[PDB]
Amino acid sequence: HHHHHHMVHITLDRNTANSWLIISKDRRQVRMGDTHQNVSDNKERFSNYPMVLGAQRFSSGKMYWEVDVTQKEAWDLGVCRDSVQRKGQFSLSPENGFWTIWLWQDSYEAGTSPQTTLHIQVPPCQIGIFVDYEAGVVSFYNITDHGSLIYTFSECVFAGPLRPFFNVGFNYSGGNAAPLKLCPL
Ligand SMILES: CC(=O)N1CCCC2(CCCCCC2)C1
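At position 125 of the sequence shown the residue is numbered 132 (the entry's author numbering), and the sequence of numbers has no breaks.
As structure tokens, then:
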């Protein structure tokens, strides 16, 4: 792909983070802490899952960013509506305002309802995310495999401002402690 020129500088929004997340000083890395991280509750925080939003809101244009997923067993990545549900249980689906892919139990899947199997020959260490607001497109690229396409959501009905979306995943296994990192431009 040739989307690199729409690169945007994404930072994480502390106030939206699940209370067990640790966001780095530069707001470019997030990982799941071994306990509650000593913050007050608020109506923005994701309660049930180790999720956080980017600070940036997008309502027009073309945007591209890259995330490092090295040595993680589980994670979700993509975009979501600014008004997505924060509290309780929910599915990652376009009907609920999410355009996402994930890794879970050695398989990659797109967050359609029901979910779609992805065909990845080279497990990615870095994922590229491309949003075209006007076209209604969210695409995912395998940076480890020379930028090969992973998945395109088309005919997206965003129905609001979009925010970058992250889930570091659970660490029940002790093998998923590694952070998500926003990669340099
Ligand atoms: C180890 C692990 O991953 N756990 C156990 C502790 C609670 C959970 C943390 C993630 C935030 C939401 C609540 C679930 C899951």
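No residue lacks a Cβ here, since even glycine has one placed at the ideal position from N, Cα and C.
Item	Value
Name the residue from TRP111, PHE147, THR18 and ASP83 whose alpha carbon lies nearest to the alpha carbon of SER180.	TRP111
For the segment 71-145, which segments carrying the alpha helix (DSSP H) assignment without a break, of at least 4 residues, lie completely within its bounds, in sequence order?	none
Quick check: is any heavy atom of ligand 1 less than 8 Å from the C-beta of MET39?	yes
Under 8 Å from any heavy atom of ligand 1, does the C-beta of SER98 make it?	no
Less than 6 Å between C-beta atoms, sequence neighbours within five positions excluded: which residues of the same chain meet that for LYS188?	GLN36 and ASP75
Confirm the yes/no value for this check: CB of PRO131, any heavy atom of ligand 1, distance under 8 Å.	no
Classify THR42 as helix, strand or coil using the three-state DSSP reduction.	coil
Within 10 angstroms of the Cβ of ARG170, are there 16 or more other Cβ atoms? Answer buried if so, exposed if not.	buried
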